[PDB]
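Sequence lines, in order, name chains T and R. Using the entry's author numbering, you'd call the opening residue of the first sequence number 305 and step up by one each time. Using the entry's author numbering, you'd call the opening residue of the second sequence number 157 and step up by one each time. A short write-up of the structure that comes next.
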Amino acid sequence: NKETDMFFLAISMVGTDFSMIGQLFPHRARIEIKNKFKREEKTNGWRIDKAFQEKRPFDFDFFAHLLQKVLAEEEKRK
Amino acid sequence: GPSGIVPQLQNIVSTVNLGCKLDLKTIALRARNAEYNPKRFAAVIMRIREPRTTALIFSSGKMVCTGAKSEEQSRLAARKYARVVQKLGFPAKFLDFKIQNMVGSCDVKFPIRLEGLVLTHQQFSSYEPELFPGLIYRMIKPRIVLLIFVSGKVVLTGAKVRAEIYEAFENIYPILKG
């Protein structure tokens with residue numbers, strides 16, 4: 305679940321720039337980004353619209369830090 | 157005659173000339189759906205949900221769009237991209253819109269023995285399961301290429317208008333049947 309929530313936060317802050325999202329994700333490749341988009345769009349059309357409206361700050365340091373923290377916390381708890 | 161199954165288009169391809177110089181970095185910076193990775197390729201990719209299409213910008217003043225379900229829908233997508241480019245501050249225009257390719261698919265609801273299709277029509281039908289299960293079929297009237305499969309479904313590509321795909325299906329149906 306948290307991976308999809310982070311992916312949705314990314315589409316909020318940066319838009320459908322699949323390349324940069326793939327670059328900032330630890331492992332995910334571009335084709336995986338596209339496949340996730342194709343699978344999610346059907347049920348989350350409203351959520352991607354919200355993302356496009358939600359022009360959230362795309363800070364580098366803050367996003368890297370929260371990525372690392374939440375990834376570590378999920379990996380610990382899962 | 158027709159069996160009541162009408163071929164349905166799944167993709168269109170079209171292009172248009174913007175008529176002005178553009179900066180790929182500026183587009184990537186100012187647009188939300190724009191994607192730009194110059195290290196890989198010198199073009200910007202655009203995505204919109206209505207129409208469901210993907211398109212590209214080029215600095216020389218060119219635009220291409222694809223993924224639509226109809227040529228009119230492809231034109232709508234291209235004009236929406238042109239409007240986006242215009243409001244981003246570029247003096248773009250919608251000049252020389254051209255439909256390039258459209259794909260279709262259909263079915264006949266009975267099996268097609270590809271062995272028979274090749275051994276009756278080796279001159280323009282190529283059959284080679286190992287690398288590709290389907291049979292590859294090219295045609296002259298109109299200049300279309302098809303993929304025919306065991307289940308009887310057929311993929312049609314290379315057309316400029318739905319009439320070509322329809323008449324191609326009508327031409328191949330008596331071959332598919334027998």
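All C-beta atoms in this analysis are idealised placements derived from N, C-alpha and C, irrespective of residue type, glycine included.
Taking a C-beta distance under 8 Å as the contact criterion, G260 (chain R) and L332 (chain R) do not qualify as a contact pair.
Within chain T, no C-beta atom comes less than 7 Å from the C-beta of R239 (chain R); the nearest is roughly 16 Å away. 8 Å or more divides the Cβ of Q242 (chain R) from the Cβ of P207 (chain R). For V317 (chain R), same chain residues with a beta-carbon under 8 Å away, outside a window of 5 residues either side, are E227, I255 and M258 in chain order.
The alpha carbon of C176 (chain R) has as its nearest neighbour, out of R:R299, R:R188 and R:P247, the alpha carbon of R:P247. Interface residue (Cβ-Cβ distance to chain T less than 8 Å): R186 (chain R) is not classified as such. Within chain R, not a single residue places a beta-carbon under 9 Å from that of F362 (chain T); the smallest gap is close to 11 Å. Collapsing the DSSP output to three states places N173 (chain R) in a strand.
DSSP lists R:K218 as the beta-bridge partner residues of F214 (chain R). Around the C-beta of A368 (chain T), fewer than 16 other C-beta atoms lie within 10 Å, and the residue is accordingly described as exposed. The C-beta separation of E344 (chain T) from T308 (chain T) comes to about 7 Å, placing the pair in contact by the 8 Å criterion.
Nearest in C-alpha terms to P194 (chain R), of all of T:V374, T:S323 and T:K354, is T:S323. By the neighbour-count definition (other C-beta atoms within 10 Å, threshold 16), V306 (chain R) is an exposed residue.
In the three-state DSSP reduction, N257 (chain R) falls in the strand class (E or B).
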